[PDB]
Amino acid sequence: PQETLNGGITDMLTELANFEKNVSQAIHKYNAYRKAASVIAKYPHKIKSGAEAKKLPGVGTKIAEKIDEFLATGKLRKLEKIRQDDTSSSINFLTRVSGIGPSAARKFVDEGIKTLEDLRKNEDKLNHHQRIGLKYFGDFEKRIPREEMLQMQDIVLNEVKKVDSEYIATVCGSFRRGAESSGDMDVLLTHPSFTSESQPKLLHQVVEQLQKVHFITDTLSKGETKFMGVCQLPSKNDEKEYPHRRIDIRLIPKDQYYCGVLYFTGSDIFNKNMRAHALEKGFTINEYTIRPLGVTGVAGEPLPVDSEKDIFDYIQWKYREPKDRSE
DNA sequence: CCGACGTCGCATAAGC
DNA sequence: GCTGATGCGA
DNA sequence: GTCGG
Ligand code: NA
Ligand code: NA
């Protein structure tokens, strides 16, 4: 399917989704509209009516109604109205700043703070995260070409090995599935000395080395197991600077690493199907472990996992490359 | 009819 | 001061 | 908002 097939409907639903999350603060309506937009974006026909669309799982009576009015008039009275509402459109916009959620955006607009300009004049009202999000507003909304991701991966793997050659690092997400672009970099980290039944400095030393070679530029959050921050590729001589990128790094126990790598490689539709096929076979898979059920649903101890393939073996599936993990 | 809708690490607030 | 709740992102 | 027990 292509854009001009049902793009008007999906953009409409996505827009409605954002106002639910950011303004009405109804996260489940937000996910409902998104789910509806997703199943429509994949539907290989130009939708003629709300009734036709209601067949798809995720599209109910109200969205069917809203599709009918769009097809007949080319717009939605409610969407048009909230679009021009100065208060609501500002709350919705401010949430595009990383660190500014629905609650913060509401507070800012409550006291006349509506724009990036307003945010820039009111730095003392921003926490550390929001300042970084403000500083890199444009960059954070840019996607990352795979070639740059490869160059980013090169640096991460190199410095990680340089700190301790026994570290194991894996860049997951859509990148590992071979996507041509990425929204951010998701790095999963482990070490043989770190298990579940067992230094608290393993993550810090890696972050430290990446900051020191000036790859990591900023820190959003950082604990003993999870790092969230900003990075940037070195500028190729005289040429234009690279955009600042979002990078996450997590330290996972060795015995939970490949369950983690599997989960955060995705896709989410693939994960869903996989942990659906697994209950069938008497196993429960989460992001950490795989456990056996249990003649009455009582989960047993986590099974030993030493690779992604090990998980597939447990539930009698053949190993499927990250490339072929869209569903 | 009515509850589910993912879950959790980290920063920060909020109350004690 | 310490702790649980909340906000946020993923 | 949608699904389903
Ligand atoms: Na439906
Ligand atoms: Na935000």
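In the text below, chain A, chain B and the rest are named by the order of the sequence lines, each starting its count at 1. As a basis for the values below, the full set of heavy atoms in this structure was taken, side chains included, without hydrogen atoms, waters or symmetry mates.
With respect to the salt-bridge test (charged N to carboxylate O, under 4.0 angstrom), the residues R250(A) and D186(A) qualify. A salt bridge is defined here as a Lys NZ or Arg NE, NH1 or NH2 lying under 4.0 Å from an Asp or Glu carboxylate O, and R83(A) with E80(A) meets this definition. Ion pairing between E308(A) and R176(A) holds under the 4.0 Å rule for side-chain N and carboxylate O. Salt-bridge check for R245(A) with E148(A): passed, with a basic side-chain N closer than 4.0 Å to an acidic carboxylate O. Electrostatic pairing of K107(A) and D110(A) does not count as a salt bridge here, judged by no charged N lying under 4.0 Å from a carboxylate O.
Here the side chains of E287(A) and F264(A) are in contact, with some heavy-atom distance below 4.5 Å. The shortest side-chain heavy-atom distance between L150(A) and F175(A) falls under the 4.5 Å cut-off. Using a 4.5 Å heavy-atom threshold, the side chains of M149(A) and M185(A) count as touching.
Regarding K125(A), its NZ atom lies at a distance of 13 Å from the P atom of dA13(B), rounded to whole Å. Atom CG of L13(A) and atom P of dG1(D) are 12 Å apart (whole Å). The interatomic distance linking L220(A) (CG) with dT12(B) (P) rounds to 11 Å, in whole Å. Following rounding to the nearest Å, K272(A) (NZ) and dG6(B) (P) show an atom-to-atom distance of 11 Å. Taking atom NZ on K62(A) and atom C1' on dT2(D), their separation rounds to 11 Å, with Å as the unit. Across the protein-nucleic acid pair, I63(A) atom CD1 and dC3(D) atom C1' stand 12 Å apart, rounded to whole Å. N286(A) has its CG atom 12 Å from the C1' atom of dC8(B), to the nearest Å. For the pair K29(A) NZ and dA4(B) P, the computed distance is 17 Å after rounding to whole Å.
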Could you go through the salt bridge (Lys or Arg N to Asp or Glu O under 4.0 Å) check for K66(A) and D68(A) one step at a time? CA-CA 5 Å; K66(A) 286 186 179 66; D68(A) 278 332; over 6 Å; no
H28(A) vs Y30(A), ring-ring contact (aromatic ring centres under 6.0 Å, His included): CA-CA, chis, key distance, verdict: CA-CA 5 Å; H28(A) 302 301; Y30(A) 157 77; over 10 Å; no
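Looking at heavy-atom distances under 4.0 Å, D186(A) makes no contact with the nucleic acid at all. At the heavy-atom level, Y33(A) lies under 4.0 Å from the strands shown only through sugar-phosphate atoms. Within 4.0 Å (heavy atoms only), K226(A) reaches sugar-phosphate atoms of the nucleic acid but no base atom. Within the 4.0 angstrom heavy-atom criterion, no nucleotide atom of any strand lies near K54(A).
Using a 4.0 Å cut-off, some side-chain N or O of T225(A) falls inside it from OP1 or OP2 of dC10(B). Residue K66(A) places at least one side-chain N or O closer than 4.0 Å to OP1 or OP2 of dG1(D).
When Watson-Crick and G-U wobble pairs are counted only if both distances are under 3.5 Å, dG15(B) pairs with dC2(C).
The outermost nucleotides of DNA chain C lying under 4.0 Å from heavy atoms of chain A, listed 5' to 3', are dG7(C) to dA10(C).
Residue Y263(A) places its side chain closer to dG6(B) than to any other of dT2(D), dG6(B), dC10(B). Checking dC10(B), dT12(B), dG1(D) against every side-chain atom of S221(A), the shortest atom distance belongs to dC10(B).
Separating the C1' atom of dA11(B) from that of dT3(C) is a span of 15 Å, rounded to the nearest Å. Nucleotides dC8(B) and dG4(C) have their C1' atoms positioned 15 Å apart, rounded to a whole Å. Between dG6(B) and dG4(D), the distance separating the two P atoms is 15 Å to the nearest Å. The same atom, P, is picked in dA10(C) and in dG3(B); the two are 32 Å apart, to the nearest Å.
For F137(A) and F93(A), the ring centers sit closer than 6.0 Å to each other.
Within residues 86-114 of chain A, the residues approached by DNA chain C to less than 4.0 Å at the level of any non-hydrogen atom are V97(A), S98(A), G99(A), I100(A), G101(A), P102(A), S103(A), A104(A), in residue-number order.
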